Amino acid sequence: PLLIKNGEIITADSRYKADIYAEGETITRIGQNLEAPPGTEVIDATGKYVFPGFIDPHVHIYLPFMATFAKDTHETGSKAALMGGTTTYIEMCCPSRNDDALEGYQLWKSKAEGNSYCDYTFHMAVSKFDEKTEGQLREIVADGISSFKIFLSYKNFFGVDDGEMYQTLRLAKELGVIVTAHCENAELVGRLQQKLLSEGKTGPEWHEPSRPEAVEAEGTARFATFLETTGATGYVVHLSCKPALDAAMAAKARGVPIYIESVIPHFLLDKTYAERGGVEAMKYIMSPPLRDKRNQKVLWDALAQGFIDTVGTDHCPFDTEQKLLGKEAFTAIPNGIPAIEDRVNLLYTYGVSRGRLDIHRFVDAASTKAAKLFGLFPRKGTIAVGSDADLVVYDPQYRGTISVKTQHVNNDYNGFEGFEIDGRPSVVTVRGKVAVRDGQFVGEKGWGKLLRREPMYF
């Protein structure tokens, strides 16, 4: 059993000093003097905050790339998540047009199975819609996966055409599934990439211009129109800039059931990072690209008002040696920045401690809303009797810095090297079991489990 005593409990809709007792995997009682039994593991949260475990709706653990693979395993990625206060992650399951979807699902599941320190689930990529698709997706959804992922990008590999998007969305609606979507334009990006390379513009600084804000804005609007016409519910992944936010907001305002995620690098990093030349720039190549810094205030301001629903990472780690596969052409740089371990600390620090983000909006944006949208609430995402005992005792007196020298992610650079932090998770629990204590990793191999969900969005 677990007793977290003397802490200040903070959720999206509560802030109070009381103790929390969990007999086993779920919270059993909250109050004063709980009378825990002999043998209970007791955590003294005096002077600290007790938050719901944080939830990252957007990560990449297993991911092939051209001739290689991203760096985290389920083991290394879940450890890194927990150290950062993230107790549930949702991975993009990404079979390509060339792969069988159901085989893909099964392959991802097999990688994670028994190998995660914390709970997890998947969004299912629909990278084509052919005569076999519907039956396979129906099997995946009935297996507990209540979200799809589509790409309006990556022509012939992940992108879906308008007919396929229509079919996907109509099936999602019939199934109650939420459609997450990467919103660019496959044709425009591919053509601009090719034109730029044909002019000898090969370095990393041409990535951003190959897929400018206008392209993300067109795809975000297109997705919204297709949700509106089909009746499906959707979720825009990694929204990066003002034109896209305007398109998604206009859809929200007119009644489209559309939600918005932004990811941490777009709040804190900007397009000049990718203008640094060489491998230093390649570290900062992701899609959508880092943008003009003017977009940061726009995202922060929108987050503070709840216009942006969730904050994820689009965690996608590669070693510098892998980055350098793009030395001759920017199109060959594996895209991604790592961030799974640093999301909470970065949001707390630059939002709550130094910014204008309210602590309640912070909990909602980094835990609760994502749980709600993806069918993990109320098991996950809050602090209440009956919910999973996934808890973070957070130290607001902690001062430090982020660095690759102290990170757990299985690569060789940190995207926030040298950034100051104003707090950290002291203790982190997964279903009543302590996985981080005094800031140190003490997780149990395979303790995490796949979360199966019931579709909600008919």
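From 1 onward, residues are counted along the sequence shown.
- When the mean C-alpha temperature factors of 425-433 and 35-43 are read from the deposited coordinates, 35-43 comes out higher.
- In this entry, 105-113 has the higher mean Cα B-factor, the comparison being between 175-183 and 105-113.
- For the set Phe157, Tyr166, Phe307, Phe122, the maximum C-alpha B-factor listed in the entry falls on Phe157.
- Among the modelled residues of its chain, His408 has a C-alpha B-factor that falls in the highest third according to the deposited record.
- Ranked against the other modelled residues of its chain, the C-alpha B-factor of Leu268 as given in the entry falls in the middle third.
- When the modelled residues of the chain are ordered by their C-alpha B factor, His60 lands in the lowest third.
- Per the deposited record, the Cα B-factor of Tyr348 falls in the middle third when ranked against the other modelled residues of its chain.
- Split the chain's modelled residues into thirds by C-alpha temperature factor. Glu218 is in the lowest one.
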